[PDB]
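Fold and contact review
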Amino acid sequence: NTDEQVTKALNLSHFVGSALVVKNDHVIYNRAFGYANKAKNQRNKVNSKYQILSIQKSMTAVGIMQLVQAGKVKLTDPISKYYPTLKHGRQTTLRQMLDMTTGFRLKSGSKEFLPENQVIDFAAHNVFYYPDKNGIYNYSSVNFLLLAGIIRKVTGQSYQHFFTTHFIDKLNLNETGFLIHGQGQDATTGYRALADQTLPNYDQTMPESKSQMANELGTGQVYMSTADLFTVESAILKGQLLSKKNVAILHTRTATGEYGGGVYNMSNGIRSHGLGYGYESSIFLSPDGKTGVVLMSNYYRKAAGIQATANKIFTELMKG
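Counting starts from 1 on each chain and goes along its sequence as written, which need not follow the entry numbering; residues with no coordinates are hidden. Just so you know, side-chain values use all the structure's heavy atoms and leave hydrogens and water out.

As deposited, the entry is annotated with X-ray crystallography as its determination method and 1.950 Å as its resolution.

This is the structure we're talking about:
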């Protein structure tokens, strides 16, 4: 029984959050564990909202590739086309930015809360360039912040506007939004764990300032339910937002990394993972978008990471 084996694996890892498993487009597991907000005695629910974190990068990537399908950008474009004031790494292509094969890094964003255009400007002006990292896989969030800046520049509207129109309104997502506006009903709280902690105690909540939220432009500023996250990633692989031909060009690994077009590309589908602000997010999805696992947790513990758990579940699920 899938339910017994998934529940046992989630209990063993002291899972806190919501868990979703889908096999051939049928939900075969949908359960929540522990507390959304311990002080208010609010349990996590299957439709609770959690931070998608870096999994938002897969959606920023699709936004870029939509602009490619519409003939407004090319993947061979240099970053200097969109950011003419850059001194260094000007030849870096949109393709590299999408694959995390750039030498760009932003050490930190602004300490103040800034509107989108000033976040983008802060990045363009403070980003460091390491020539040694050019062309080789290295995770660097600023790549996707700068890609969200390209969406803004090309469209003449906000990234929030792009995201709301192209995902939230488009797929009728009822548990999806930006954290900066508040989660609303069935909100979760992020909890801070210690390095060695496995057992949830809800001792410490984890702060996130409005500046931190603004600084996650394109990279990790959105909440979703498990269902909403599965809807989006499934819709992508199924050709609902972008041609399947363009999905395959986007989701192409590199010589040095599985990562390609905002996801990790494996032999048996895709993986995306997020960490931050007390949260962890994990999705594993089959190539056809019909089989996979979403775990989202508001109580990240290094010593009880949810990605290993999702991976184990997914590996078994894909055996049949």
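1. Quick notes on the overall build of the protein
Helix numbering and strand numbering both begin at the N terminus, where a helix is a DSSP run of H or I of at least 4 residues and a strand a DSSP run of E of at least 2. Secondary structure assignment for the protein yields 10 helices and 14 strands. For 320 residues, the compact-globule formula gives about 20 Å, and the C-alpha radius of gyration of the protein, at 19 Å, lands near that figure. Residue burial in the protein is summarised as follows: out of 320 residues, 55% are buried. Long-range contacts, defined as pairs at least 24 residues apart, comprise 69% of the intrachain contacts of the protein with a sequence gap of at least 6. Only the protein chains shown count as cover for residues, with accessible areas throughout obtained via the Shrake-Rupley method and a probe of 1.4 Å. Summing over all exposed atoms, the protein offers an accessible surface of approximately 14,100 Å²; the carbon and sulfur share of this is 49%. Between the averaged position of the 34 positive side-chain charges in the protein and that of its 22 negative side-chain charges there is a distance of 3 Å. What the globule rule says is 2.2 Å times the number of residues to the power 0.38, and the radius of gyration is computed from C-alpha atoms. Think of it in three bands: with a 1.4 Å probe and only protein chains considered, a residue is buried below 20% of the maximum accessible area for its type, exposed above 50%, and partly exposed in between. It only takes one pair of heavy atoms within 4.5 Å for two residues to be counted as in contact. Residues counted as positive are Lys and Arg, residues counted as negative are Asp and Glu, and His and the chain ends are not counted. Note on charges: their place is set at NZ of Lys, CZ of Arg, CG of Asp or CD of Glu.

2. Some remarks on the pairing of strand β1 (residues 17-23)
Within β1, six of the seven residues are buried, which leaves the element mostly enclosed by the surrounding structure. A pair of strands is considered paired only if DSSP assigns at least 2 bridges between the two. Judged from the seven bridges that link them, β1 and strand β2 (residues 26-33) form a sheet pairing that is antiparallel. Paired with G17 across the strands is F33, a residue of β2. Hairpin connection from β1 to β2: two residues lie between these consecutive antiparallel strands, with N24 at a positive phi of about 50°. Relative to strand β14 (residues 292-297), β1 runs antiparallel, the two sharing five bridges. Bridge assignment links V22 to a residue of β14, and that residue is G292.

3. Some words on helix α8 (residues 226-237)
The length a helix should cover is 1.5 Å for every residue beyond the first. Helix length check: α8, at 12 residues, gives a terminal C-alpha distance of 17 Å against a target of 16 Å (1.5 Å per residue), a fit within 8%. Burial runs high along α8: 10 of the 12 residues are buried. Along α8, the residues classified as buried are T226, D228, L229, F230, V232, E233, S234, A235, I236 and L237. In the stretch just after α8, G239 is the one whose phi turns positive, near 85°.

4. Let's talk about the packing of helix α2 (residues 56-69) against helix α5 (residues 142-155)
The interhelical angle for the contact between α2 and α5, taken along N-to-C directions, is 35°, at an axis separation of 10 Å. Classified by chirality, the crossing of α5 by α2 is left-handed. Contacts between α2 and α5 involve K57, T60, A61, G63, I64 and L67 from the former and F144, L147, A148, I150, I151, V154 and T155 from the latter. The axes used here are C-alpha line fits, helices contributing only the stretch in contact, and every angle between their N-to-C directions lies in the interval 0 to 180 degrees. Crossing handedness: left-handed means the near helix sits turned counterclockwise from the far one by under a right angle, and right-handed means the same turn made clockwise.

5. Some remarks on the packing of aromatic side chains
Whether two aromatic rings pair depends on their centres lying within 6.5 Å, for rings of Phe, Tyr and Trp, where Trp uses its six-membered ring; planes under 30 degrees apart make the pair stacked, over 60 edge-to-face, and the rest tilted. Across all of its chains, the model carries 18 aromatic pairs by this definition. By the ring-pair criterion, three or more aromatic residues cluster together here, those being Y137, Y139, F144, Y259 and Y264. Taking the ring centre of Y29 as reference, the NZ or CZ of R31 above it sits at 6.0 Å. Whether a charge lies above a ring is judged from NZ of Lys or CZ of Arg, which has to be within 6 Å of the ring centre and within 35 degrees of the ring normal.

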